[PDB]
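Asker: Taken in order, these protein sequences are the chains called D and O.
Residue numbering for the first sequence is 245 to 293, as defined by the deposited numbering.
Residue numbering for the second sequence is 7 to 196, as defined by the deposited numbering.
Beta carbons are placed, not taken as given, at the ideal position from N, Cα and C, and that holds for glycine.
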Amino acid sequence: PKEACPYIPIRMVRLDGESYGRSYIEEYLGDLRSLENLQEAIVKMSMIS
Amino acid sequence: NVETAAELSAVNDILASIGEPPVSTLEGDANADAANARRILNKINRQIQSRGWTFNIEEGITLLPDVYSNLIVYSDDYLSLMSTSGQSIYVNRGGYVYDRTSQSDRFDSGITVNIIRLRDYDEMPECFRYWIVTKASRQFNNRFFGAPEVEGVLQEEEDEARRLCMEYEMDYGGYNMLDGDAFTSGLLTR
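1. Less than 7 angstroms separating the Cβ of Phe146/O from some heavy atom of the ligand MG?
2. Who are the near neighbours of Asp105/O in its chain, counting only those whose CB is closer than 6 angstroms to its CB and skipping five residues on each side?
3. Run through chain D and tell me which residues come within less than 9 angstroms of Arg149/O, C-beta to C-beta.
4. Can you tell me whether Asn51/O is buried or exposed? The criterion is at least 16 other CB atoms within 10 Å of its CB, across all chains shown.
5. Considering Cα atoms alone, identify which of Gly274/D, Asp260/D, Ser290/D and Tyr264/D is closest to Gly192/O.
6. In chain O, what lies closer than 8 angstroms to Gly274/D by C-beta?
7. So what's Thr10/O in DSSP terms, helix, strand or just coil?
8. Got a sec? Which residues, its chain only, sit under 7 angstroms from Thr140/O by beta carbon, not counting five neighbours each side?
9. Please report whether the beta-carbon of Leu184/O lies at a distance below 8 angstroms from any beta-carbon of chain D.
10. May I ask you to list the residues that DSSP assigns as paired with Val79/O?
11. Hey, is the segment 73-93 of chain O in contact with the segment 167-180 of chain O, meaning 3+ C-beta pairs nearer than 8 angstroms?
12. Taking the Cβ atom as the reference point for each residue, do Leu47/O and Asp83/O lie within a distance shorter than 8 angstroms?
13. Let me confirm a value: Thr31/O is counted as buried when at least 16 other C-beta atoms fall within 10 Å, else exposed. Which label applies?
14. Within the same chain, show all residues whose beta-carbon is closer than 7 angstroms to that of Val257/D, passing over the 5 residues directly before and after it, in chain order.
15. If you run the structure through DSSP and keep just helix, strand and coil, what is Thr31/O?
16. How many Å lie between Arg277/D and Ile254/D at the Cα?
17. Let me know if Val119/O comes out buried or exposed under the rule of 16 or more other beta-carbons within 10 Å of its beta-carbon.
18. Pick out whichever of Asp111/O, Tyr127/O, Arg196/O and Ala38/O has its Cα sitting closest to the Cα of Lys49/O.
19. Tell me which residue opens and which closes the beta strand (DSSP E) that residue 223/O is part of.
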């Protein structure tokens, strides 16, 4: 039946006219990766010491 | 070689520092002053294209060996040759290029090199023409007409010419730190 479908597809953040979902981490990915780089160096720059 | 309309003006401007103009320089056993200044001129050319400039370093160039001899030939035209990325593995040996890691000489396929090819007094920018003329004038001053004050002013004026020509190289080929290199091109990808 239409309402009691046992296969439940779950999206986190919906978008119009788009069959899937986009994660919540995607929206803050870039400042995530800019942390990554900026942090990476530091560890590398430590090892030179 | 052959007369060049700009090169005779260069050898004349070497002798503009001391004395009188010669004419056309086209004889081997000749006016000793003209051939002497011309040797100083070509040495300062070979040194001033040696330092590595952004219009001189032909970046991804490919050399190919001879089909019979199976050997690509190092030349005195090939001014200084380095490899593309790092830990350059190419050196001159006999007049031929040579691997100091593969421990071999014969090359099957081609080879990718950052090479500098020797160019004339022509085919250079006017900044570098004035810098070769003034540095060769300093050398020609110091070696034949040993006068102190003209050496002082040619030293100061070589420094000014090198100032202008570094301004040319930092203006020819705009180098930006954070959007053009190989490391912090990726760090600023969002």
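Answerer: Put simply:
1. The model depicted lacks the ligand MG and carries no ligand whatsoever.
2. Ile95
3. Simply none; closest approach about 47 angstroms.
4. Counting Cβ neighbours within 10 Å, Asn51/O comes out buried, since at least 16 surround it.
5. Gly192/O has its Cα closest to that of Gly274/D, out of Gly274/D, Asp260/D, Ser290/D and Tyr264/D.
6. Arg196
7. For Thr10/O, the three-state secondary structure derived from DSSP is coil.
8. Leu160, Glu163, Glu164 and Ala167
9. no
10. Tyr102/O
11. no
12. No, the Cβ-Cβ distance between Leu47/O and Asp83/O is not below 8 angstroms.
13. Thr31/O is buried by the Cβ-count criterion.
14. Only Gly265, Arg266 and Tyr268 meet the Cβ criterion.
15. coil
16. Taken atom to atom, the span from the alpha-carbon of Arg277/D to that of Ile254/D is near 26 angstroms.
17. buried
18. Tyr127/O
19. Nothing about residue 223/O can be reported from this structure: the residues present for chain O run from 7 to 196 only.
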